[PDB]
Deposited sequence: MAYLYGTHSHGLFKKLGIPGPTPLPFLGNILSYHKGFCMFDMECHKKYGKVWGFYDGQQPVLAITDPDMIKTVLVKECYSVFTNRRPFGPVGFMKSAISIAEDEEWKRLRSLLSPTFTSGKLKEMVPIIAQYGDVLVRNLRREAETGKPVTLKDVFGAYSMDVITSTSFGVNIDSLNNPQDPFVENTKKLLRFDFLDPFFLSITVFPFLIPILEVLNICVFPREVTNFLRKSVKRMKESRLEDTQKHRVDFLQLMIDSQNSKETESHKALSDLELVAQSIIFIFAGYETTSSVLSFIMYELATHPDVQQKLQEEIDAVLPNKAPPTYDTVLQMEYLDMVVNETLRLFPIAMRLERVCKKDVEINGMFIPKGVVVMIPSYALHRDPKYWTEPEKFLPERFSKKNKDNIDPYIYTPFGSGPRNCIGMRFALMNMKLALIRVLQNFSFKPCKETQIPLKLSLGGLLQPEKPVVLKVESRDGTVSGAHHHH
């Protein structure tokens, strides 16, 4: 409890921590419910303890901008230390300081709009595959589980845009390349293991010396050798792998081979469950708000008549589609929180922050803050209309973070999801079932996902 007297000294409010545990027992109702209550009880800033680790929450847009943008390179550069990681220490999302600054520079040209526009035909091909699999489920009137049909789609886009492997994962759910990649599910930080890591972070170096890794050693080994097969088959005889292979064909020393494999794994880990989960949250709102679904289908047919195939330019042309995606990401920011480690004693916006404190931004609680959003629990896409989009603070609505360490795959993720929604809504309408959980209840765990899997009815428009 020697690390529990810091917030009381600084005059910062917060829940009283227990010895060893800190405030982790308050996670019984999830990260989201704990952050909303703390914002309600304590005001604009407060503190708590993940075990012995002090966490300072901030909700001021100016102070958020200083952390994420202004003093990013100088003070708030890294996230909370994470382990055990093994060779995945070289992943950009885990790297720190100049290593991260180097990796971010080596991978930024990979995520330009020019490279993204060249990936659209590959992503659009599996929009068609998604339709033929949805139509087989629609011609047989059976509730469809969205996470399975979208999870199959997200897996398809990943395998093709990152390695050129072309699989119908829904009809080959057991191909060895699909088996390993489907094990890359995002971490439940409230599960028994990660809560124990919070109480015994001194055990992280012990797990590392035993080569134990939060990424399953069999999946990383499979992709490590699979990449080294592809690397020596293209060399010599458009995806993310080739962009990184061309990058290491050189300031910063070219991407290493092991460094390159770590980024490929991170791109799969980042885009698999996220793209599948968001697309399920979107179709839930469209099915429970049919007027929104019709207005979107009308816009899609206006830009793409006769079910015209979507393109890069016609996707950005659609504004109500962007309004629906943004509004869904408001109600369900799957990151929930943003974090930065304060690397040195600083004073920002008139507040002292000691070295070692984890500065946290509660994105979920701010996305539902009535002091910034009217009727925050309601699905209202008109908040993001070209008229009202000016009245939204970019440091309150942060579904992809902000600053130099925001989501590097933001453009890709938005284009990937919008291409799916266009092709799906051009051919189908989605209606609730009896077994559809209405209203949707969120999981009380550490992942932003529905309590029950979203099941809906799918009807063909032809």
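When the deposited sequence is numbered from 1, the segments without any C-alpha atom are 1 to 6, 244 to 248, 262 to 265, 478 to 487.
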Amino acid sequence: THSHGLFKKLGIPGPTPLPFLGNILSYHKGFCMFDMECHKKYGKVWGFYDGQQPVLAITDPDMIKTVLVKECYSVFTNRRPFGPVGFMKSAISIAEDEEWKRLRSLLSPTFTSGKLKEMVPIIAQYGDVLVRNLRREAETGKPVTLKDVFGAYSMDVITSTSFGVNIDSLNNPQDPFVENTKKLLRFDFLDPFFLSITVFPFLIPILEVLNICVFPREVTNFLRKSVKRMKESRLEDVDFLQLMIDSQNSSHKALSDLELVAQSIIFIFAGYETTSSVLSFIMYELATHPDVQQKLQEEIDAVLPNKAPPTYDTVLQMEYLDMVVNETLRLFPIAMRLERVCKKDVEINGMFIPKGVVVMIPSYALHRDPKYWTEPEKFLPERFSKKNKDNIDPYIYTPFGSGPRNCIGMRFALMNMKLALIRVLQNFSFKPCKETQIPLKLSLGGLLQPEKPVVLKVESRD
From here on, numbers count along this sequence of modelled residues.
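In this text, rigid core is short for the largest set of C-alphas that superpose within 1.5 Å between two forms.
Rigid core superposition in 9 other deposited structures of this protein puts the Cα atoms of one stretch, out of 144 to 152 and 79 to 87, farther from the shown form on average, and that stretch is 79 to 87. Between 344 to 352 and 173 to 181, the larger mean CA deviation from the shown form in 9 other deposited structures of this protein, after core superposition, belongs to 173 to 181.
Across the other entries compared, none leave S226 without coordinates where the residues on each side are present, so it is far from a third. Compared against other deposited entries of this protein, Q263 counts as consistently modelled, with coordinates in all of those that resolve the residues around it and thus below the third mark. The deposited model assigns a higher average Cα B-factor to 165 to 173 than to the other stretch when 165 to 173 and 192 to 200 are compared. According to the PDB record, 342 to 350 carries the higher mean C-alpha B-factor of the two stretches 342 to 350 and 77 to 85. Of the candidates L107, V227, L207, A91, the one whose C-alpha carries the top B factor in the deposited record is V227. Taking the PDB entry at face value, the top CA B factor among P381, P370, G356, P362 belongs to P370. Per-chain ranking of the deposited C-alpha B factor places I300 in the middle third. In the PDB entry, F430 places in the middle third of its chain by CA B-factor. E137: CA B factor in the highest third of modelled residues in this chain (values from the PDB entry).
Among the modelled residues of the chain, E179 sits in the highest third by CA temperature factor in this PDB entry. The entry lists a Cα temperature factor for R423 that places it in the middle third of the chain's modelled residues.
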